[PDB]
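# Structure at a glance
Each chain, written out:
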Amino acid sequence: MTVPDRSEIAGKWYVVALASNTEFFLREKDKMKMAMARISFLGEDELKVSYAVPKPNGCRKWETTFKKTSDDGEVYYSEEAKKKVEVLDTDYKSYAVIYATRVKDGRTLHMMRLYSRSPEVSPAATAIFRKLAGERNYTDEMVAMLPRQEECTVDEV
Ligand SMILES: O=C(N[C@H]1COC(=O)[C@@H](NC(=O)c2cccc(O)c2O)COC(=O)[C@@H](NC(=O)c2cccc(O)c2O)COC1=O)c1cccc(O)c1O
Ligand SMILES: CCCCC/C=C\C/C=C\C/C=C\C/C=C\CCCC(=O)O
Ligand SMILES: [Ga+3]
């Protein structure tokens, strides 16, 4: 409540560019199109967020809950989904950059994701985005920009 900005962007979050090094995912992120999502505040230490990705091979839409989210200041952690996301940069004015990391048994992973407040991409959104990726010594092929092309979409259900 003390952050009306959240309510402003909450309801629809767009993913239009990512960064990674794991070929399996990087290999595929390069083929998908822009994705959408909806986030809700359950509690500062818990929030509900949904993922919407249009996959021509088979669109996939679902919901997910984030629990025990207060570790490093404001970060989300799902004991079940063994995956956490920390607000690495968010303005909802034109873009937001977040640090996403998935850790499997014996394997750890990190990746950056660039969001857009509007289906369009601001040259600055891609640049600030690249700046961070560079700090991680990333290369173009490691970061793939995604178009607005849409085949499937989610509802305000
Ligand atoms: O390493 C990560 N994925 C793997 C492994 O995850 C998976 O294979 C599946 N996935 C989940 O079950 C999942 C369950 C719970 C939460 C999930 O996000 C799942 O994805 C399906 O996702 C996909 O096929 C693709 N995925 C998106 O397009 C996406 C688009 C926008 C937003 C997405 O989350 C997407 O996954 C590719 O994802 C992958 O290859 C990975 C890391 C860090 C953060 C991630 O989100 C990752 O997914
Ligand atoms: C918003 C989560 C969307 C989840 C589904 C889409 C992509 C999954 C990967 C990263 C998205 C996770 C969080 C979005 C970034 C910052 C949230 C700030 C919330 C706030 O400022 O209070
Ligand atoms: Ga995922």
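Per the deposited record, the coordinates in this entry were obtained by solution NMR.

## Re the site of ligand 1
Around ligand 1, the neighbouring residues are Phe-25, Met-32, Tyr-51, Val-53, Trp-62, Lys-83, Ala-100, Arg-102, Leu-109, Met-111 and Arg-113. Side-chain polar atom of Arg-102 to an oxygen atom of ligand 1: 3.5 Å apart, as the coordinates give it. Protein chains shield 73% of the accessible area of ligand 1, which is 710 Å² for the free molecule. Elements with a contribution of two residues or more to the shell around ligand 1: strand 3 (46-53), strand 7 (95-102) and strand 8 (111-116). Here the shell around ligand 1 is built from residues that sort into eight nonpolar, no polar and three charged.

## A closer look at the site of ligand 2
Around ligand 2, the structure places 14 residues, and the nearest of them are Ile-39, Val-49, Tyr-92, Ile-98 and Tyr-115. Within the side chain of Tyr-92, one N or O atom sits 2.3 Å away from an oxygen atom of ligand 2. Coverage of ligand 2 by the protein amounts to 87% of the 550 Å² it exposes when considered alone. Those elements giving two or more residues to the shell around ligand 2 turn out to be strand 1 (13-19), strand 2 (35-43), strand 3, strand 6 (83-90) and strand 8. Its residues placed into classes, the shell around ligand 2 shows eleven nonpolar, two polar and one charged.

## Notes on the packing of aromatic side chains
Following the criterion strictly, the structure yields five aromatic pairs and no others. The interplanar angle of 75° and the centroid separation of 5.1 Å between the aromatic rings of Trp-13 and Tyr-92 together place this pair among those described as edge-to-face. Placement of the pair is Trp-13 in strand 1 and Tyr-92 in the loop between strand 6 and strand 7, with a sequence separation of 79 residues. A relative accessible area of 13% places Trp-13 in the buried class. Seen in terms of ring centroids, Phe-24 and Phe-25 are 6.0 Å apart; in terms of plane orientation they differ by 80°. Their pairing is edge-to-face. We classify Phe-24 as partly exposed; its relative accessible area is 47%. Aromatic ring contacts, followed pair by pair, group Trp-13, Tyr-92 and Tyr-115 into a single cluster. One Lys or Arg, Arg-6, reaches over the ring of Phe-41 and ends 4.2 Å from the middle of that ring. The ring of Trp-62 is capped by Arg-60, whose NZ or CZ atom sits 5.8 Å from the centre of that ring.

Conventions used here
- Residues numbered from 1 in each chain as written, not as in the entry; some residues may be left out.
- Chains lettered and ligands numbered in written order.
- Heavy atoms only, no water.
- Near = heavy atom within 4 Å.
- Polar contact = N/O pair within 3.5 Å; in protein donor to acceptor, adjacent residues only side chain to side chain.
- Areas by Shrake-Rupley, 256 points an atom, 1.4 Å probe, with all protein chains shown as cover.
- Helix = DSSP H or I, 4+ residues; strand = E, 2+ residues; numbered from the N terminus.
- Nonpolar A, V, L, I, M, F, W, Y, C, P; charged D, E, K, R; others polar.
- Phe/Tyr/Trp six-rings, centres within 6.5 Å; stacked < 30°, edge-to-face > 60°.
- Buried < 20%, exposed > 50% of the residue type's maximum accessible area, 1.4 Å probe, protein only.
- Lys NZ or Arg CZ within 6 Å of the ring centre and 35° of its normal.

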